Amino acid sequence: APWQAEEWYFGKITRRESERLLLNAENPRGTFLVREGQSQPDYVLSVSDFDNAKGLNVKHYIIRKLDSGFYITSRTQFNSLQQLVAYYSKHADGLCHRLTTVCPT
Amino acid sequence: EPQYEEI
Ligand SMILES: [Zn+2]
């Protein structure tokens, strides 16, 4: 099955809809979704983040498309988007927290 | 204009 059939891919949604869906109080740290860009073209990894000196917020990470490949920073490259999701769901590796649960619809 | 995060 294609990576777009996956429950964490929300396709074309706004930055507000992303943040409203993720900022449910019933979601743990590390709730995330992959969406299409709105401002900019590349895909976006949208994660919920609890900062002790700020509160509960949403961070947005741009998933740039390698012309060769996907990455958020040029230091960690993945051959597929599912291989990017699977890695960060195990290691923060520069994220505020590791990805734990797929965001509910 | 919107803010994204750079690792
Ligand atoms: Zn944080």
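Neighbour counts are summed over all protein chains in view; Cβ atoms, including those assigned to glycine, are modelled from backbone coordinates with ideal geometry. Values quoted throughout were computed directly from the atomic coordinates according to the rules given, and no laboratory measurement underlies them.
Annotations for the structure displayed:
- Shape call, the range A:1-40: gyration tensor on alpha carbons, a/c limit 1.5: oblate
- Cα centroid separation, the range A:1-15 to the range A:64-93 (Å): 16 Å
- Net charge of Cβ neighbours under 14 Å - reference A:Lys12; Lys, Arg +1; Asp, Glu -1: 0
- Spin-label model, A:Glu6 to A:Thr101: label points 7 Å out along the Cα-to-beta-carbon direction sit 1.9 nm apart.
- Reachable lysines from A:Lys90, criterion Cα separation under 25 angstrom, eight or more residues apart if same chain: A:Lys54, A:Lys59, A:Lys65
- Derived from the Cα gyration tensor, the three semi-axes of the equivalent ellipsoid of the range A:21-69 are 25, 11, 10 Å, largest first.
- Value of Rg/Rh across the range A:3-105 [Cα atoms, Kirkwood radius]: 0.94
- Restricting the range A:33-62 to chymotrypsin sites (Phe, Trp or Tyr not before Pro) in coil, as DSSP defines it, with at most 13 other Cβ within 10 Å: none
- Sites A:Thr76 and A:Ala53 - FRET efficiency at Förster radius 22 Å, r taken between beta-carbons, to 0.05: 0.20
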